[PDB]
Amino acid sequence: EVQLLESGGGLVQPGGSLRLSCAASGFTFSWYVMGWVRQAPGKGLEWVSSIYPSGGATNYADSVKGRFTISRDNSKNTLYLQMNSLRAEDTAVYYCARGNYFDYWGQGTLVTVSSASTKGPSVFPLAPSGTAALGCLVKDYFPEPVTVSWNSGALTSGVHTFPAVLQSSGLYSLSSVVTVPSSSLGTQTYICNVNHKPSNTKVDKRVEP
Amino acid sequence: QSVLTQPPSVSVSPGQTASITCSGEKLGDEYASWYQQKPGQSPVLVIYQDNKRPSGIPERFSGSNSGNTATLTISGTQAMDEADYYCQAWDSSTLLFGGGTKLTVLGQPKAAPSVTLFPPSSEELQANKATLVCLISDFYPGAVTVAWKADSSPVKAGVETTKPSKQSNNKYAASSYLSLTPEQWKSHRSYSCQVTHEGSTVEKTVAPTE
């Protein structure tokens, strides 16, 4: 029913600009207050901005005031967040949320403000050997996030993807593993599907005994 | 700017009623709301305008507003209620959040880590690097110490370890990465990853393959 879907996340340089969207449905858009709320990694929620039904008026948190612009398009059921003069402080997941009291929320897009280059991960199989654990190493990338799945989505149970490390080099690395009966290692194939949108890195990798 | 302060952590025994407080300047002249955020999850509104529940939110969630204090109350608490809880207040002009309260539900069974140590892939080795991967999952409480050994000796550089993070089943996960050259890796007979959790140690060992 109520759908709030975001886009526009990614890497941006300090002082650069970026525009987020939130596409909405399942309810009468133009009747609702909308706004943005953000959350820097492992830290707390912070209101960014809100905007009236008609789009005729706006409010801002002090820290982004002057630098951000909230707007809406009531015909296309879309909310925007123009973000200029970006500062490293603006690095956060950005939440789309409907109404006076945030009663519905999107899934968030992550915005990373750094001077640093994107970097594609290298992806390597993690070989095993009752039960057996096989897996995938997603090494040395920037910024977050990566998506990892198995056998093109088909394989879902027994699957665990670990939170990444931030190495002192400032790159990330993470793994994801899957527990399987060891008997199936002879007569079943395993390929991990890894996507890293900011560098257009898409990788498949077979994991063999 | 105004602040909303919350206790950084709250612990409750199972079945009891959790109480989470929010205070700031002027909170009684304002409306309080509250949000439940689970790990890896978007926030969820549990109470708005001091003490109203959205349709869909159970009655064991309650909110009140007196003094300069809003208070969130959860009855019949169980472990699936573990989460971050944020108060929020408008009025006013701005929208203020509290720093969040972490809700620990006591009485969850101790659980030892499943550990899995991995050798470098052949591919990485042809690419002239090596990476050892130690995966630590399903442990409770969320504290681990992780040590690495080359043969029987401790490794004092090249180790990258995550802090522990709450899995959706309330247990915890962590990982540790040891970066090496192919030569370093091939020198020793073996490497070990040594994880100690609540006084007890699990260890795994891989070797070059040859």
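The numbering scheme counts residues from 1 along every chain following its written sequence, independent of the entry's numbering, with residues that lack coordinates not shown. For naming, the first written chain is A and the first written ligand is 1, with later ones following in the order written. The basis for the side-chain values is all heavy atoms of the structure; hydrogens and waters are excluded. Residues with missing side-chain atoms are left out of burial classes, side-chain pairs and their counts.

Listed as the method for this PDB entry is X-ray crystallography; the listed resolution is 2.4000 Å.

Student: Would you explain the sheet that holds strand 6 (residues 61-66) of chain B in this entry?
Tutor: The pairing of strands in a sheet happens through backbone hydrogen bonds and is either parallel or antiparallel. All names here are of chain B. Whether two strands pair comes down to DSSP finding at least two bridges between them. The way it works is that DSSP assigns letters per residue, a run of H or I at least four long becomes a helix, a run of E at least two long becomes a strand, and they are numbered from the N terminus. The strand order across the open sheet formed by four strands is 1-3-7-6, and the pairing between neighbours is antiparallel. Each edge of the open sheet carries a strand with a single partner, namely strand 1 (4-5) and strand 6. Sheet topology places strand 6 next to strand 7 (residues 69-74); six bridges connect them, and they run antiparallel. The residue bridging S64 from the neighbouring strand is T71, located in strand 7.

Student: Explain the domain arrangement of chain A to me, please; I cannot follow it from the model alone.
Tutor: Many structure descriptions define interface size as the accessible area lost when the parts assemble. Residue ranges assigned to each domain were obtained from an automatic or database domain assignment. Domain annotation of chain A identifies domain 1 (3-113) and domain 2 (122-207). A C-alpha centroid distance of 32 Å is found between domain 1 of chain A and domain 2 of chain A.

Student: Help me understand the domain arrangement of chain B, please; the structure alone is not making it clear to me.
Tutor: Residues and elements named next belong to chain B. If you check the domain split of chain B, you get domain 1 (4-105) and domain 2 (114-206). On a C-alpha basis, the centres of domain 1 and domain 2 stand 38 Å from each other. Amino acids are sorted into nonpolar (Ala, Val, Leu, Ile, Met, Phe, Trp, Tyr, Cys and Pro), charged (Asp, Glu, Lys and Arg) and polar (every other residue, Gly among them). Here the side of domain 1 that touches domain 2 is built from residues that sort into four nonpolar, no polar and two charged.

Student: Would you explain the state of the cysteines in this entry?
Tutor: A covalent bond between the sulfur atoms of two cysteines is what we call a disulfide. Residues and elements named next belong to chain B. Any pair of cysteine sulfurs within 2.5 Å is marked as a disulfide. Enumeration over the complete set of coordinates arrives at four disulfides over all chains. One disulfide bridge connects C22 with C87, the sulfur atoms lying 2.0 Å from each other. The sign of the 60° torsion about the S-S bond sets the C22-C87 disulfide as right-handed. Taken together, the positions of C22 in strand 3 (residues 18-24) and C87 in strand 8 (residues 84-89) put the pair 65 residues apart, joining distant regions of the chain. We call a residue buried when its accessible area falls under 20% of the maximum for its residue type, exposed when it is over 50%, and partly exposed in between, using a 1.4 Å probe and counting protein chains only. The class of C22 is buried, set by a relative accessible area of 1%. Each bonded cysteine of chain B is numbered by sequence order, and under that numbering the disulfide pairs are 1-2, 3-4. Each disulfide in chain A links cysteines that, numbered along the sequence, combine into the pattern 1-2, 3-4.

Student: Would you mind going over the nonpolar core with me for this structure?
Tutor: Most often, soluble globular proteins have nonpolar side chains that are buried together. Among the buried residues, those of types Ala, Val, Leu, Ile, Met, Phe, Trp, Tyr and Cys that are joined through side-chain atoms within 4.5 Å form a nonpolar core. The biggest cluster of nonpolar side chains holds 27 residues, and the ones touching the most others in it are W36, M83 and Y94 of chain A. Among the elements of the structure, strand 3 (18-25), strand 4 (34-39), strand 5 (45-51), strand 7 (68-73), strand 8 (78-83), strand 9 (92-98) and strand 11 (109-113) of chain A are those that each provide at least two residues to this core. Here the element with the most residues in this core is strand 3 of chain A; it accounts for four residues. Judged by nonpolar contacts, the second largest core, of 23 residues, contains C22, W34, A70 and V105 of chain B.

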